[PDB]
Amino acid sequence: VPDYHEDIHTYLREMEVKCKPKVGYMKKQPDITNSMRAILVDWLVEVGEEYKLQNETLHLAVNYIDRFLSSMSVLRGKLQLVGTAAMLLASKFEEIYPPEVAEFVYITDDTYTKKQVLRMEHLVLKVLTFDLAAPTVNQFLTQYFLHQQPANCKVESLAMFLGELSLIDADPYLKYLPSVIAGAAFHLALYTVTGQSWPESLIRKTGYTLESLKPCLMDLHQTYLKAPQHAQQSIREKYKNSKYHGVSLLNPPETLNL
Amino acid sequence: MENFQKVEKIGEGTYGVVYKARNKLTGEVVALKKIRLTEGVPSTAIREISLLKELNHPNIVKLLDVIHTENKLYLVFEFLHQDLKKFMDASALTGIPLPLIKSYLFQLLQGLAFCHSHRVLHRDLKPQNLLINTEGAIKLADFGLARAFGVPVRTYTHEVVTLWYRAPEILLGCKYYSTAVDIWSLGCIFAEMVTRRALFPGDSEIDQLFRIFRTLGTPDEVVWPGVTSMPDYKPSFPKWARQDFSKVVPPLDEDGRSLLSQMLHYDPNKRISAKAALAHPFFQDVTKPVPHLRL
Ligand SMILES: c1cnn2ncc(-c3ccnc(NC4CC4)n3)c2c1
């Protein structure tokens, strides 16, 4: 049905501001670097594939991790326990039949006890003040795809891939709201596949002019280019698959003509 | 948790036990929802809290506080006296007056409209998840199977949802939910307040499907484009004829039927939204009457 789509967009747009992590938190974390987090997020992509989880789960998990770190000092040896609990909560929130805790214990090479993971879950919930219904780059792409004419999976599959890549690198992608990263993702994917641009309808829906997306769109184009060199390679592997139309093997355009 | 006095059990269910309780310090009367704690916090409890916390509305139950211990987790609700099912059972002889049925439906539709416009599907609307007070309010409760649909919600292969209020698209095995399934449920509840009897009381999935058919006809490709393709459709399905809605809901005016037929529309895409139904002629004269409830 159409009647709610508009109300939902404006709601998510309102909510994404609220459920958003502090921009410059990593510098205030005295024992974790952006790298350490990149390594964690990429691992969660591996976890996601291993348990055939929705991409949305991953996207949530990342938001939980980021907001958690936004207010709790965490030591490096405990970062994975944070990552794990978040993936468990994201799974419980999103998935139809979530994976057994015993199994989130199992994927950490038993670095943590079953009792450790469960206690972390309760602490994540506390810090996040139970607010798990977060807007994601994924939720925003879903809304944008309705504006396609017609639906083009390669475009969607590329946008998904592009927006997923954004999760890994806290620098620069904490700068931008999910709705923006999604908008940048969408145009870049559409431009690569069909040669078209950020459509007039979506400008009206979002309020984002293409020029307003430029900054983000500049960084995303770079991430896309340097994708095969990046130290984290799980997503590129994930999106080589025939299911996702092998989008990660499509050559980025060298200039964006902006 | 020590500032609360338990008064009595007022609800049952698989999700947990619900007690009426009193705040010893402020005097406020509440409904406590207990959950024992081994797979960590139950998924249903995780969804129920995080979602209710967004939805502040007069026709959605107010989650007042969540109190988390190590070994127990309590959800603190504003108190409401009884549910719609218990009221319906009690109105068996006398009937629920149409002015009140309208009132209830109107509010139900307002709760659902607010849910759906905040990307929340209830998924399990049935008379027991709907709470009424002595003053004329009715509110959507139990959000354990509720879902956020920023991304479209895939349907479970073993639908744990109630059988009688289940939408045809689910029973026919569609891939995703949509707001349409919540409207269907309400439709069935609306008919039930009118008829004093359950509209589609099936035994199994196929009995539930057949009961829907005997009344509204067996859908074809004309009335529902793509129905034949759906995974759980069968060619060997009987072709039942659509029944006269005056014989299905006798004491309902033309608008009432107009509205009911629209909530019970076959194609989920053409089925009325909660938002639209509020504008339907049926509600032009809507009031807010008080029900006569029992202890
Ligand atoms: C059934 C199932 N889940 N669930 N959660 C909260 C409530 C609630 C809220 C407010 N009042 C009441 N009391 C009603 C039982 C009469 N129940 C309730 C009732």
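Definitions and cut-offs
Residues numbered from 1 in each chain as written, not as in the entry; some residues may be left out. Chains lettered and ligands numbered in written order. Heavy atoms only, no water. Residues with missing side-chain atoms left out of burial classes, pairs and counts. Near = heavy atom within 4 Å. Polar contact = N/O pair within 3.5 Å; in protein donor to acceptor, adjacent residues only side chain to side chain. Areas by Shrake-Rupley, 256 points an atom, 1.4 Å probe, with all protein chains shown as cover. Helix = DSSP H or I, 4+ residues; strand = E, 2+ residues; numbered from the N terminus. Buried < 20%, exposed > 50% of the residue type's maximum accessible area, 1.4 Å probe, protein only.

Deposited coordinates in this entry are attributed by the record to X-ray crystallography, at a stated resolution of 3.22 Å.

Caption draft 1: Summary view of the site of the ligand. All names here are of chain B. All residues adjacent to the ligand are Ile 10, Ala 31, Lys 33, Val 61, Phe 77, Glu 78, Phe 79, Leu 80, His 81, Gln 82, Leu 131 and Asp 142. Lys 33 places a polar side-chain atom, nitrogen or oxygen, 3.3 Å from a nitrogen atom of the ligand. Contact distances for the ligand include 3.5 Å between a nitrogen atom and a side-chain N or O atom of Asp 142. Burial of the ligand by the protein chains amounts to 94% of its free accessible area of 420 Å².

Caption draft 2: Spotlight on unusual backbone geometry. The residue after A:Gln149, namely A:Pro150, is reached through a cis peptide bond having omega -5°. For A:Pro150, the location among the structural elements is in the loop between α7 (137–145) and α8 (153–168). Going from A:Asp171 to A:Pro172, the amide bond is cis rather than trans, its omega being 5°. By the element assignment, A:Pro172 lies in helix α9 (residues 170–173). Located in the positive-phi region is A:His245, a residue other than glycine, with phi close to 60°. A relative accessible area of 38% means that A:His245 is categorised as partly exposed. If you check the backbone angles, B:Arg119 has positive phi at about 45° while not being a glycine. Note on placement: B:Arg119 falls in the loop between α3 (98–116) and β7 (120–121). Owing to a relative accessible area of 1%, B:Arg119 belongs among the buried residues under this scheme.

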